[PDB]
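The structure appears below as structure tokens.
One is the number of the first residue; the rest follow in order along the sequence. Only heavy atoms go into these numbers, but all of them, side chains included; no hydrogens, no water, no symmetry mates.
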Amino acid sequence: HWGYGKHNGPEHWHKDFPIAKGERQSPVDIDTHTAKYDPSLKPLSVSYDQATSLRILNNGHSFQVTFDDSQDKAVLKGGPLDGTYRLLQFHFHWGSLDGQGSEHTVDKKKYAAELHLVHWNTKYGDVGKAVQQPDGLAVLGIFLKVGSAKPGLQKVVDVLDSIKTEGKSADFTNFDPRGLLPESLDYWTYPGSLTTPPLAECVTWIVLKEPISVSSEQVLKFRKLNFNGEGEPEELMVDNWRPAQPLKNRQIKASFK
Ligand SMILES: CC1=CC(=O)NS(=O)(=O)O1
Ligand SMILES: CC1=CC(=O)NS(=O)(=O)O1
Ligand SMILES: CC1=CC(=O)NS(=O)(=O)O1
Ligand SMILES: [Zn+2]
């Protein structure tokens with residue numbers, strides 16, 4: 001089974017998931033000087049006021065907070081998107097040290113972590129159908145740097161001890177994902193893929209230019225999670241990021257000059 005170790009990590013994924021070597025794989029390096037400002041790009045519409053969080057879960061590769069997506073409650077629209085995308089879950093990728101952990105990079109710079117808010121296109125009815133479509137998903141990616149604490153992240157960090165190992169979940173109701181957003185919604189966008197198996201090429205990527213700052217104590221608690229299940233040899237959940245993939249025949253567009 002795939003993971004992030006020496007013998008099952010990203011360099012191995014193509015054997016079970018040959019699309020790993022495909023034409024629109026993610027993440028990528030964002031070369032800021034080559035990204036083209038596109039004046040036709042609309043502002044992002046992030047409508048999270050009625051979000052209903054449900055559970056927080058250690059899924060063996062990250063931890064995720066899952067939302068009620070049976071209704072248009074927390075939706076992404078505008079920007080490069082046509083139609084309405086429902087928020088299903090968010091999760092993070094992070095490093096063993098602050099100098100790595102993000103999946104996307106900016107002029108080769110790695111951030112300490114990266115937040116992914118995963119949304120699916122309501123015209124396909126459910127996320128399983130959406131992942132089979134080139135415009136099925138929209139992922140809002142947000143970089144994390146280490147500095148001041150993010151108060152809106154603390155409720156997440158404080159419950160992680162209850163989902164330390166693979167397969168553990170806990171109630172995580174009444175969490176407001178608006179507390180994870182930076183001030184600016186300036187973004188880069190490009191067509192890409194899921195960054196874990198099945199690596200489906202179904203994602204419109206929307207990567208925010210402005211990172212959020214989190215404290216060293218907050219990211220240190222990420223790094224205490226376990227890849228392993230309870231009772232198994234403890235392998236810290238760190239460096240659960242896929243490296244940048246070839247851009248190939250794609251252009252990254254910027255919403256901002
Ligand atoms: C480092 C590592 C990565 C992973 O994903 N699973 S594992 O528990 O085998 O060890
Ligand atoms: C993931 C996790 C985070 C924490 O804060 N304490 S713990 O080491 O029990 O497990
Ligand atoms: C489901 C999914 C898997 C992952 O790890 N990152 S992502 O933003 O591509 O969305
Ligand atoms: Zn992700």
Side-chain angles (χ1 to χ4, degrees), residues 26-28 30 42-57 59 61-81 83-94 101-104 111-122 124 126-127 130-131 135-145 150-157 172-196 200 202-214 218-219 222 240-242 255:
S26 295
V28 298
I30 298 163
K42 280 119 190 58
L44 257 190
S45 175
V46 186
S47 298
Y48 285 173
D49 49 287
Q50 289 305 132
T52 298
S53 60
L54 298 176
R55 315 279 302 163
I56 190 173
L57 165 72
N59 61 32
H61 314 277
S62 180
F63 72 91
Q64 68 180 262
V65 173
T66 66
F67 289 79
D68 171 26
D69 64 346
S70 70
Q71 250 187 308
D72 285 12
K73 287 181 162 185
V75 302
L76 187 64
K77 56 182 64 154
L81 305 169
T84 302
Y85 290 68
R86 292 187 187 159
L87 176 65
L88 168 58
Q89 55 106 320
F90 71 75
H91 62 272
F92 299 81
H93 307 263
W94 61 91
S102 67
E103 297 204 305
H104 294 89
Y111 285 92
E114 187 171 328
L115 163 64
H116 290 160
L117 297 121
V118 182
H119 315 70
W120 55 271
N121 191 331
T122 63
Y124 300 126
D126 68 71
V127 67
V131 295
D135 59 345
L137 268 57
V139 181
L140 181 58
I142 302 172
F143 296 117
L144 280 60
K145 66 185 188 179
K150 191 64 167 171
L153 181 60
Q154 191 58 31
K155 303 228 276 208
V156 170
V157 149
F172 205 67
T173 48
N174 303 104
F175 178 77
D176 191 342
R178 293 175 296 184
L180 302 175
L181 305 178
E183 282 181 8
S184 181
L185 293 184
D186 291 348
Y187 62 88
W188 297 284
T189 183
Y190 75 96
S193 72
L194 309 176
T195 64
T196 55
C202 61
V203 179
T204 300
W205 273 98
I206 301 166
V207 178
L208 296 191
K209 173 190 52 160
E210 186 187 334
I212 59 168
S213 292
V214 304
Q218 289 177 319
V219 67
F222 284 13
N240 58 347
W241 50 276
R242 187 189 200 194
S255 76

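The CG atom of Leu115 sits 11.0 Å away from the CZ atom of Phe143 when rounded to the nearest 0.5 Å. Summarising the geometry, atom CG belonging to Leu153 is positioned 5.0 Å from atom CZ belonging to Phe92; distances are rounded to the nearest 0.5 Å. Note that CD of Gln89 and CZ of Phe67 are 9.5 Å apart. Values are rounded to the nearest 0.5 Å.
Shown here is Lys155, whose NZ atom has no more than 12 heavy atoms of other residues, nucleotides or ligands within 6.0 Å. Remark: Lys150 NZ is packed, more than 12 non-hydrogen atoms of other residues, nucleotides or ligands lying under 6.0 Å away. Around the CD atom of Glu210, the shell of radius 6.0 Å holds more than 12 heavy atoms that belong to other residues, nucleotides or ligands.
Each of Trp205, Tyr190, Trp241, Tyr111 was checked for a side-chain hydrogen bond (donor to acceptor under 3.5 Å, both in side chains) with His104, and the lone residue meeting it is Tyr190. Exactly one residue among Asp126, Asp72, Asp69, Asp68 makes a salt bridge (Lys or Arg N to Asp or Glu O under 4.0 Å) with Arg86. That residue is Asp72.
With respect to the salt-bridge test (charged N to carboxylate O, under 4.0 angstrom), the residues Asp186 and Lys209 qualify.
Contact of the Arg55 side chain with the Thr66 side chain is registered, since non-hydrogen atoms from C-beta on lie closer than 4.5 Å. Counting heavy atoms from C-beta on, the side chains of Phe222 and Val214 never come closer than 4.5 Å. Within the 4.5 Å cutoff, side-chain heavy atoms of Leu44 are placed close to those of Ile206.
Across all their heavy atoms, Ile212 and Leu181 have their closest contact at CG2-C, 3.9 Å.
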query = After noting the C-alpha distance and the side-chain angles of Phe172 and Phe63, does the key distance pass the ring-ring contact (aromatic ring centres under 6.0 Å, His included) rule?
reply = CA-CA 12 Å; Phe172 205 67; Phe63 72 91; 8.8 Å; no
